[PDB]
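Novice: Have a look at this one before I ask anything.
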Amino acid sequence: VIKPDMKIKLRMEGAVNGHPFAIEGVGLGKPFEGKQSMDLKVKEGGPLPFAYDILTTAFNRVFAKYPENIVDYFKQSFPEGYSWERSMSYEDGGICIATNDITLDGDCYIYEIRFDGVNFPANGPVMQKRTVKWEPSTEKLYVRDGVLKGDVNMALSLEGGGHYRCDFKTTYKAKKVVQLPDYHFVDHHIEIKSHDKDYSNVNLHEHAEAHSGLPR
Amino acid sequence: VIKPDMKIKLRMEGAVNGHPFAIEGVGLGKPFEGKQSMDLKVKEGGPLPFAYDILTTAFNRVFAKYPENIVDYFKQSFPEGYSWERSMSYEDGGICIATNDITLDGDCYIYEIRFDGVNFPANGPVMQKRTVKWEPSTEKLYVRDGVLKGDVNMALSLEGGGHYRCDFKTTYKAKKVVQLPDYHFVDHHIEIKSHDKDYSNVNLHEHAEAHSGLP
Amino acid sequence: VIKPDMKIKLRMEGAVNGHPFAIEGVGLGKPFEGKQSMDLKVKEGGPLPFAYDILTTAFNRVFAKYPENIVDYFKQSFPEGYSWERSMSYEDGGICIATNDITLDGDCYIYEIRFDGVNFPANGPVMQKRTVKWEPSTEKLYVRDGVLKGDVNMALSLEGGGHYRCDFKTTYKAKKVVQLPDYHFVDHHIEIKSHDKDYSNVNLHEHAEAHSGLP
Amino acid sequence: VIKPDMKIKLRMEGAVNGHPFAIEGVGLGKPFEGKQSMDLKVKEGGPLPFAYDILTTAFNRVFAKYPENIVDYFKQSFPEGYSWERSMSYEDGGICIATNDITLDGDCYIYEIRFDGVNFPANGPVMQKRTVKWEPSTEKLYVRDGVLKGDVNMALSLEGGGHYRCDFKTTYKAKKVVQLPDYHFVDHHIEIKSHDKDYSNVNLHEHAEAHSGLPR
């Protein structure tokens with residue numbers, strides 16, 4: 001049920017600082033190559049009055065290249081699928097939380113995403129749209145209470161230099177019993193490859209690969 | 001346009017650990033006495049698989065008794081009203097965030113509430129429904145960036161003793177220009193007065209009073 | 001063995017952002033009235049390159065007025081005494097941690113204090129010495145694992161208005177078995193009454209009172 | 001002033017939950033190989049009533065292998081040296097903070113370390129000594145206010161499975177003006193290679209290598 005080429009359809013509904021928005025996307029990815037791409041359109045709440053970048057990691061670790069020697073929690077979970085829950089705590093007190101319920105219909109993954117954020121300062125980099133991109137990162141994954149956790153300290157690069165930090169904590173929950181992996185890592189890189197002026201239209205790419213870190 | 005007795009209608013839509021739910025409420029309160037009560041009904045997602053208590057502070061500081069010597073940000077904001085944004089960070093890593101948009105229709109406040117929480121551990125007191133009540137508390141309120149902030153370290157009492165801590169951070173935003181207050185406090189006390197077995201029906205009370213502290 | 005008037009001697013050794021310092025103090029207080037004062041002198045590391053205010057809460061809850069209806073963990077612990085451990089997490093990522101070991105010699109409490117802080121930004125209000133005073137506050141106290149916990153969200157007022165928040169988490173540990181109290185509060189107010197230009201010499205006051213909250 | 005083989009002498013003084021201790025160490029490392037090792041002896045406060053593992057990352061990024069294409073803040077800082085300040089926030093509310101002032105005398109680095117920790121629960125993995133080792137990790141490094149920051153979400157493996165998380169935030173401060181690097185990573189792995197029963201004697205090794213993460 002996992003093919004080398006898969007399709008993606010998503011809808012995100014959410015709010016930031018109380019202002020509602022919705023986004024839909026269609027994309028495709030290569031589960032065994034750890035690559036995916038997507039075209040996204042703002043359907044409600046546009047033009048978004050906050051940095052689009054805070055949304056992009058919400059738009060599926062199935063699309064991570066896993067080696068033979070590491071248990072792949074995500075690929076095992078299908079056809080039933082899995083869901084995730086995530087908090088994103090920014091250094092200036094802004095906080096977002098999101099969830100994705102991921103199902104499979106034929107060769108198309110369907111994401112139902114909810115995203116909510118609060119307490120972003122009016123003069124902060126998020127509401128003033130001064131973010132440039134996410135730096136690449138390494139997520140740490142480990143088992144807790146029979147489910148899988150993923151943590152990572154991320155950073156947005158800012159216009160005119162400097163970085164803006166965010167601590168991500170994710171819980172991933174398979175919809176059926178699956179084999180549990182040992183502690184491992186997923187390196188990833190997410191990139192807006194193109195966008196129009198107010199980000200109503202966005203082409204988004206991600207590359208991700210699991211590994212076991214420095215040996216000995 | 002603020003009367004001694006006012007009505008309340010609310011809808012909350014939300015999710016905890018990805019589990020969607022919705023609650024409706026009707027109540028009434030006394031803005032100048034700092035009291036309010038309401039009846040709440042789970043309309044979707046019932047029976048709620050998490051402690052009801054995490055929701056109750058989301059179910060309006062206009063219902064706080066303010067003395068003459070303290071600027072009342074909330075009462076000033078009407079008829080236009082105000083909105084709030086809040087994060088609630090629990091000591092075991094559970095996080096909720098909520099927003100309320102509050103408007104006025106005649107004598108009736110209307111709340112549009114959104115509530116979301118994630119990362120509550122399966123074995124923790126929230127998902128295990130081991131909470132008893134919120135202890136009384138005191139919110140600290142202060143101005144930042146031309147809007148009003150409210151912070152408080154809250155605690156839930158737990159079944160079989162002990163407490164479970166949660167740090168609240170709220171931003172309040174008037175829909176019009178109002179006078180901004182100096183640093184002050186709001187003491188409050190929130191109580192579920194009655195409920196049925198699975199909390200499908202709940203009668204909720206709050207009492208709150210602003211003050212300027214210890215000399 | 002607790003008298004209406006008691007003396008205090010302390011030494012604090014510490015470091016902020018890796019910069020070592022040391023302070024000595026002599027003072028006196030009134031355990032049953034919940035008042036205390038003291039004179040403090042920087043002995044090493046002067047002139048301190050950070051806001052003095054971050055240190056003052058480290059410079060003893062025995063000097064809190066407890067009513068009859070609340071168990072007094074602190075007064076019970078003497079003559080053996082008690083110790084405390086505390087973290088202070090500021091909103092800009094600055095972190096301090098402190099410990100005090102408190103003993104009794106005749107009529108004189110002796111404090112051995114250690115204080116350390118890191119990650120205060122160069123441009124932040126602590127390293128820029130832009131703090132004015134701590135606002136009055138209310139500590140929440142409650143039992144966990146047979147010892148007493150104290151939590152409070154504190155705020156420093158800043159020069160030119162605005163506030164700077166800090167979350168306090170303390171653990172208090174009696175040196176002997178004592179009666180454990182129920183959930184309660186300690187209101188307190190701490191003030192630098194006088195100081196010289198670079199805070200080499202400081203006269204510090206505190207007033208504190210326990211209570212059970214809002215009904 | 002940077003040699004392929006360098007010596008290390010350190011003293012750490014500190015307290016955990018108010019109980020004071022002191023440790024001294026002698027070791028050596030290979031700055032260009034990103035390898036170092038050390039023998040440590042508890043001089044005061046033994047036998048330590050808490051997990052030794054909380055101390056080990058306090059016992060110098062000079063010993064990280066840096067590629068040509070990444071600015072090496074640490075090697076540049078010598079002979080004058082640099083200092084660091086660090087907070088370590090554990091998921092059960094335990095908190096440690098430490099500082100190291102690092103100087104150079106001939107071919108020997110001298111570390112003066114202070115370490116303080118509080119609010120470790122009596123029944124937690126630290127006071128009950130149920131930690132096994134630190135998992136390998138990837139530190140994220142970036143410039144802020146003209147100094148270098150390093151953040152990483154770390155994890156201790158626990159006896160009988162499971163992990164215990166800790167968020168590290170470090171500030172590194174060169175003692176002279178040096179070139180500032182772009183955002184980068186340092187993968188590392190720290191290991192107690194041998195110890196006696198109560199950890200009075202410990203042989204500690206670390207391997208570390210800088211890189212720039214996933215490309216494109």
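Identifiers in this document derive from the order of the structure tokens: chains are assigned A, B, ..., residues are numbered from 1 separately in each chain, and ligands are numbered from 1 in order of occurrence.
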Considering only C-alpha atoms, tabulate each residue of chain D that lies at most 7 Å from chain A along with its nearest interatomic pair and the corresponding distance in Å to one decimal; arrange the rows by chain and ascending residue number and present them as JSON lines.

Specialist:
```
{"residue": "D:136", "atom": "CA", "partner": "A:213", "partner_atom": "CA", "distance": 6.1}
{"residue": "D:137", "atom": "CA", "partner": "A:213", "partner_atom": "CA", "distance": 6.9}
{"residue": "D:138", "atom": "CA", "partner": "A:138", "partner_atom": "CA", "distance": 6.9}
{"residue": "D:143", "atom": "CA", "partner": "A:162", "partner_atom": "CA", "distance": 6.5}
{"residue": "D:144", "atom": "CA", "partner": "A:162", "partner_atom": "CA", "distance": 6.2}
{"residue": "D:151", "atom": "CA", "partner": "A:153", "partner_atom": "CA", "distance": 6.9}
{"residue": "D:152", "atom": "CA", "partner": "A:153", "partner_atom": "CA", "distance": 6.3}
{"residue": "D:153", "atom": "CA", "partner": "A:152", "partner_atom": "CA", "distance": 6.3}
{"residue": "D:162", "atom": "CA", "partner": "A:144", "partner_atom": "CA", "distance": 6.2}
{"residue": "D:187", "atom": "CA", "partner": "A:214", "partner_atom": "CA", "distance": 6.7}
{"residue": "D:188", "atom": "CA", "partner": "A:214", "partner_atom": "CA", "distance": 6.3}
{"residue": "D:189", "atom": "CA", "partner": "A:214", "partner_atom": "CA", "distance": 6.1}
{"residue": "D:213", "atom": "CA", "partner": "A:136", "partner_atom": "CA", "distance": 6.1}
{"residue": "D:214", "atom": "CA", "partner": "A:189", "partner_atom": "CA", "distance": 6.1}
```

Novice: Please produce chain C as a compact mmCIF listing (two decimals) with C-alpha atoms, in the first residue's frame once it has been superposed on chain B, the fit using all Cα atoms paired in sequence order.

Specialist:
```txt
# COMPACT_ATOMS: atom_id res chain seq x y z
CA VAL C 1 -24.86 50.06 28.15
CA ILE C 2 -23.67 47.74 30.90
CA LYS C 3 -26.63 46.64 33.00
CA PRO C 4 -26.61 45.13 36.56
CA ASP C 5 -27.99 41.92 35.06
CA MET C 6 -26.84 40.59 31.69
CA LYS C 7 -27.29 37.42 29.65
CA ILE C 8 -24.66 35.20 28.02
CA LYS C 9 -24.74 32.90 25.01
CA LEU C 10 -21.66 31.00 23.85
CA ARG C 11 -20.42 28.36 21.51
CA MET C 12 -17.05 26.69 21.91
CA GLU C 13 -15.56 24.61 19.13
CA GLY C 14 -12.36 22.76 19.79
CA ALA C 15 -10.19 19.71 19.96
CA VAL C 16 -8.00 18.04 22.61
CA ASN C 17 -5.27 15.64 21.44
CA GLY C 18 -6.89 15.85 18.00
CA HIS C 19 -10.37 14.81 19.35
CA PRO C 20 -12.97 17.38 18.15
CA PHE C 21 -15.83 18.59 20.34
CA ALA C 22 -18.28 21.47 20.71
CA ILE C 23 -20.13 22.97 23.64
CA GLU C 24 -22.97 25.48 23.92
CA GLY C 25 -23.82 27.61 26.91
CA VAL C 26 -26.44 30.00 28.21
CA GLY C 27 -25.99 31.93 31.41
CA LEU C 28 -26.24 35.23 33.15
CA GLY C 29 -24.06 37.44 35.29
CA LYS C 30 -23.83 40.63 37.32
CA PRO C 31 -21.01 42.85 35.91
CA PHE C 32 -20.90 45.15 38.94
CA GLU C 33 -21.01 42.36 41.52
CA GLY C 34 -18.39 40.25 39.74
CA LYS C 35 -20.56 37.14 39.55
CA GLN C 36 -21.73 34.92 36.75
CA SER C 37 -23.17 31.47 36.19
CA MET C 38 -24.03 29.35 33.22
CA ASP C 39 -25.33 26.03 31.99
CA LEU C 40 -23.24 24.18 29.45
CA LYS C 41 -24.04 21.29 27.16
CA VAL C 42 -21.73 19.13 25.15
CA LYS C 43 -23.11 19.14 21.58
CA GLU C 44 -20.36 17.20 19.80
CA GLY C 45 -17.55 14.86 20.83
CA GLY C 46 -19.34 13.67 23.97
CA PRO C 47 -18.66 11.95 26.28
CA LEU C 48 -15.52 14.10 26.63
CA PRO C 49 -12.47 11.84 27.16
CA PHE C 50 -10.55 14.52 29.12
CA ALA C 51 -10.97 16.49 32.36
CA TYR C 52 -13.74 19.08 31.90
CA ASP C 53 -11.86 21.41 34.21
CA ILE C 54 -9.36 22.41 31.50
CA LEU C 55 -12.22 24.11 29.64
CA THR C 56 -13.91 26.11 32.37
CA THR C 57 -11.71 29.26 32.43
CA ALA C 58 -12.46 29.62 28.73
CA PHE C 59 -16.24 29.75 29.46
CA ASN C 60 -15.08 37.32 30.30
CA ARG C 61 -13.53 39.91 32.64
CA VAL C 62 -16.46 42.31 32.21
CA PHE C 63 -17.98 40.15 35.00
CA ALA C 64 -15.33 41.29 37.49
CA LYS C 65 -16.03 43.83 40.24
CA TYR C 66 -13.77 46.84 39.65
CA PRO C 67 -13.29 49.55 42.26
CA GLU C 68 -13.42 53.27 41.33
CA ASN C 69 -9.65 53.70 41.68
CA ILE C 70 -8.76 51.15 38.95
CA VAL C 71 -9.37 51.64 35.22
CA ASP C 72 -11.78 49.01 33.91
CA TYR C 73 -10.47 48.01 30.48
CA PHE C 74 -13.31 45.55 29.94
CA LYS C 75 -16.39 47.60 30.75
CA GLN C 76 -14.99 50.51 28.70
CA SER C 77 -14.69 48.34 25.60
CA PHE C 78 -18.45 47.97 25.11
CA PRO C 79 -20.69 48.15 23.12
CA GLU C 80 -17.98 47.30 20.55
CA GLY C 81 -16.50 44.69 22.90
CA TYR C 82 -13.13 42.97 22.95
CA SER C 83 -11.41 39.65 22.31
CA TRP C 84 -8.85 37.57 24.18
CA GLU C 85 -6.10 35.13 23.28
CA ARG C 86 -4.70 32.70 25.83
CA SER C 87 -2.12 29.98 26.27
CA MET C 88 -2.26 27.44 29.10
CA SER C 89 0.93 25.53 29.70
CA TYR C 90 0.62 22.58 32.05
CA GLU C 91 3.59 21.20 34.00
CA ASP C 92 3.52 17.79 32.24
CA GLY C 93 3.89 19.43 28.83
CA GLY C 94 0.21 19.55 27.95
CA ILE C 95 -0.56 22.83 26.13
CA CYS C 96 -3.89 24.48 25.36
CA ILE C 97 -4.62 27.66 23.54
CA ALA C 98 -7.94 29.44 23.34
CA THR C 99 -9.50 32.57 21.93
CA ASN C 100 -12.78 34.31 22.64
CA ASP C 101 -14.40 37.01 20.56
CA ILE C 102 -16.95 38.81 22.69
CA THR C 103 -19.71 40.97 21.32
CA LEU C 104 -22.89 42.51 22.70
CA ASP C 105 -26.42 42.08 21.36
CA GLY C 106 -28.84 44.10 23.44
CA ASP C 107 -28.47 42.78 26.98
CA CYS C 108 -26.76 39.55 25.85
CA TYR C 109 -23.00 38.95 25.48
CA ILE C 110 -22.16 36.53 22.64
CA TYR C 111 -18.94 34.49 22.88
CA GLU C 112 -17.35 32.80 19.93
CA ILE C 113 -14.80 30.47 21.55
CA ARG C 114 -12.10 28.32 20.01
CA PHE C 115 -10.16 25.87 22.19
CA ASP C 116 -7.34 23.51 21.30
CA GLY C 117 -5.01 21.37 23.36
CA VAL C 118 -2.23 18.92 22.56
CA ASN C 119 0.39 16.65 24.11
CA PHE C 120 -1.60 15.69 27.19
CA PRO C 121 0.02 12.36 28.22
CA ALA C 122 -2.32 9.30 28.20
CA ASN C 123 -1.45 8.65 31.88
CA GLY C 124 -1.67 12.26 32.98
CA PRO C 125 -4.43 13.77 35.21
CA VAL C 126 -6.19 15.47 32.30
CA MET C 127 -6.74 12.40 30.09
CA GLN C 128 -7.25 10.28 33.27
CA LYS C 129 -9.91 12.69 34.55
CA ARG C 130 -8.30 13.00 37.99
CA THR C 131 -8.88 16.71 38.51
CA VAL C 132 -11.12 18.02 41.31
CA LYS C 133 -11.32 21.80 40.84
CA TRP C 134 -9.25 24.92 40.16
CA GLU C 135 -7.93 26.52 43.32
CA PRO C 136 -8.88 30.20 43.69
CA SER C 137 -6.27 32.46 42.13
CA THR C 138 -5.08 35.99 41.40
CA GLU C 139 -4.47 37.19 37.83
CA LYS C 140 -1.81 39.89 37.33
CA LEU C 141 -2.85 42.45 34.69
CA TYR C 142 -0.53 44.97 33.05
CA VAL C 143 -0.14 46.92 29.82
CA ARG C 144 2.14 45.91 26.95
CA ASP C 145 2.22 47.32 23.38
CA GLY C 146 -0.97 49.32 24.00
CA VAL C 147 -2.97 46.21 24.93
CA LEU C 148 -3.67 44.45 28.26
CA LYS C 149 -1.86 41.31 29.42
CA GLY C 150 -2.99 38.91 32.12
CA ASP C 151 -0.73 36.29 33.71
CA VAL C 152 -1.39 33.75 36.50
CA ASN C 153 0.06 30.45 37.78
CA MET C 154 -3.01 28.27 38.35
CA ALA C 155 -3.39 24.90 40.06
CA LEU C 156 -5.88 22.06 39.77
CA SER C 157 -6.47 20.02 42.89
CA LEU C 158 -6.20 16.29 42.15
CA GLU C 159 -8.11 13.23 43.41
CA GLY C 160 -6.21 11.75 46.33
CA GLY C 161 -4.43 15.01 47.06
CA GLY C 162 -1.69 16.96 45.34
CA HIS C 163 -1.89 19.65 42.71
CA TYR C 164 -1.30 20.03 38.98
CA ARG C 165 0.08 23.39 37.84
CA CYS C 166 -0.71 25.44 34.73
CA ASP C 167 0.73 28.79 33.63
CA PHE C 168 -1.83 31.11 32.00
CA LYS C 169 -0.85 33.93 29.63
CA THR C 170 -3.63 36.04 28.18
CA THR C 171 -3.74 39.03 25.84
CA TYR C 172 -6.89 41.20 25.93
CA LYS C 173 -7.67 43.52 23.00
CA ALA C 174 -10.42 46.15 23.08
CA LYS C 175 -12.14 46.71 19.72
CA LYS C 176 -11.83 50.50 20.23
CA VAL C 177 -9.48 52.91 21.97
CA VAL C 178 -9.99 52.84 25.76
CA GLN C 179 -8.17 54.15 28.82
CA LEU C 180 -5.36 51.79 29.87
CA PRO C 181 -5.08 50.70 33.51
CA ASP C 182 -2.00 50.51 35.75
CA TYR C 183 -0.68 47.18 37.11
CA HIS C 184 -3.35 45.42 39.18
CA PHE C 185 -4.92 42.10 40.19
CA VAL C 186 -8.10 40.16 39.69
CA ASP C 187 -8.89 37.57 42.39
CA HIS C 188 -11.17 34.90 41.08
CA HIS C 189 -12.87 31.66 42.02
CA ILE C 190 -14.40 29.28 39.51
CA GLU C 191 -16.57 26.28 40.47
CA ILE C 192 -18.54 23.52 38.82
CA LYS C 193 -21.64 23.65 41.02
CA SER C 194 -23.26 20.59 39.42
CA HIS C 195 -22.78 18.16 36.56
CA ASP C 196 -23.97 14.81 35.37
CA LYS C 197 -21.83 11.70 35.23
CA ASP C 198 -19.97 12.38 31.98
CA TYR C 199 -20.17 16.20 32.14
CA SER C 200 -22.64 16.42 29.24
CA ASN C 201 -24.42 18.95 31.41
CA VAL C 202 -22.59 21.34 33.70
CA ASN C 203 -23.59 24.32 35.80
CA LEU C 204 -20.59 26.64 36.17
CA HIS C 205 -20.05 29.62 38.50
CA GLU C 206 -17.42 32.33 38.77
CA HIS C 207 -16.76 35.17 41.17
CA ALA C 208 -14.06 37.79 40.50
CA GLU C 209 -12.86 41.06 42.04
CA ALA C 210 -10.14 43.52 40.96
CA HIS C 211 -7.79 45.09 43.51
CA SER C 212 -4.34 46.73 43.89
CA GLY C 213 -2.65 44.19 46.19
CA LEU C 214 -0.55 44.47 49.37
CA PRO C 215 0.84 47.82 50.63
```

Novice: Quote the spacing between CA of residue 132 in chain A and CA of residue 199 in chain A in Å to one decimal place.

Specialist: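 A separation of 12.9 Å between them.
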
Novice: Using DSSP on the backbone, list every residue of range 154-207 of chain B that comes out as strand (DSSP E), and give them as an MDAnalysis selection string.

Specialist: chainID B and resid 154:158 163:174 184:195 201:207

Novice: If DSSP is run on the backbone, what residues of chain A are helix (DSSP H, G or I)? A reply as a VMD selection string would be ideal.

Specialist: chain A and resid 52 to 55 61 to 63 73 to 76

Novice: Output C-alpha atoms for every residue in that selection, as a JSON list (two decimals), in the first residue's frame.

Specialist:
```json
[["chain", "number", "residue", "atom", "x", "y", "z"],
["A", 52, "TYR", "CA", 3.43, 32.18, 6.04],
["A", 53, "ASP", "CA", 6.48, 30.33, 7.31],
["A", 54, "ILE", "CA", 4.82, 29.46, 10.65],
["A", 55, "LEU", "CA", 2.41, 27.22, 8.70],
["A", 61, "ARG", "CA", 6.83, 11.70, 8.03],
["A", 62, "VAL", "CA", 5.78, 8.94, 5.61],
["A", 63, "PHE", "CA", 7.76, 11.05, 3.15],
["A", 73, "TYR", "CA", 6.68, 3.88, 12.41],
["A", 74, "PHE", "CA", 4.98, 5.91, 9.67],
["A", 75, "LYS", "CA", 5.07, 3.55, 6.69],
["A", 76, "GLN", "CA", 3.95, 0.68, 8.96]]
```

Novice: Using only C-alpha atoms, which residues sit within 6 Å of range 85-88 of chain D once same-chain residues fewer than 3 positions away are excluded, as a ChimeraX atom specification?

Specialist: /C:118 /D:95-99,167-171

Novice: Would you mind telling me which residue in A:91, A:194, A:10, A:204 lies nearest to chain C when using only C-alpha atoms?

Specialist: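 Ranking A:91, A:194, A:10, A:204 by distance to chain C, first place goes to A:91.
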
Novice: Which distance in Å separates CA of residue 19 in chain D and CA of residue 57 in chain D, to one decimal?

Specialist: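 Pair CA of residue 19 in chain D / CA of residue 57 in chain D returns 19.7 Å.
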
Novice: Tell me, as a PyMOL selection string, which residues lie within 7 Å of residue 17 in chain A, counting only C-alpha atoms; anything in the same chain fewer than 5 positions away does not count.

Specialist: (chain A and resi 117-120) or (chain B and resi 85)

Novice: Figure out the distance between CA of residue 193 in chain D and CA of residue 38 in chain D, please, to one decimal in Å.

Specialist: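 So the answer is 10.0 Å.
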
Novice: Which residues come within 8 Å of residue 48 in chain A, counting only C-alpha atoms, excluding same-chain residues fewer than 6 positions away, as a PyMOL selection string?

Specialist: chain A and resi 21+198-200

Novice: For the residues in the current selection, export N, CA and C atoms as a PDB file, in the first residue's frame.

Specialist:
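Wrote again-v3.pdb, looks like this:
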```pdb
ATOM      1  N   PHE A  21      -8.515  31.468   9.144  1.00  0.00           N
ATOM      2  CA  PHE A  21      -8.061  31.332   7.767  1.00  0.00           C
ATOM      3  C   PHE A  21      -8.198  29.880   7.388  1.00  0.00           C
ATOM      4  N   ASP A 198       1.457  38.105  -1.785  1.00  0.00           N
ATOM      5  CA  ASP A 198       0.858  37.968  -0.461  1.00  0.00           C
ATOM      6  C   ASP A 198       0.694  36.504  -0.034  1.00  0.00           C
ATOM      7  N   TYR A 199       1.417  35.608  -0.720  1.00  0.00           N
ATOM      8  CA  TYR A 199       1.444  34.169  -0.402  1.00  0.00           C
ATOM      9  C   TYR A 199       0.090  33.455  -0.550  1.00  0.00           C
ATOM     10  N   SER A 200      -0.819  34.044  -1.324  1.00  0.00           N
ATOM     11  CA  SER A 200      -2.078  33.376  -1.669  1.00  0.00           C
ATOM     12  C   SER A 200      -1.777  32.089  -2.414  1.00  0.00           C
TER      13      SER A 200
END
```

Novice: When you count only C-alpha atoms, which of these residues is closest to chain B: D:77, D:67, D:129, D:93?

Specialist: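 Selected residue with least distance to chain B: D:93.
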
Novice: What's the 12 Å shell around residue 26 in chain D, counting only C-alpha atoms, without same-chain residues fewer than 6 positions away, as a list in words?

Specialist: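 Everything that qualifies: residues 6, 7, 8, 9, 10, 11, 12, 36, 37, 38, 39, 40, 41, 59, 108, 109, 110, 111, 201, 202, 203 and 204 of chain D.
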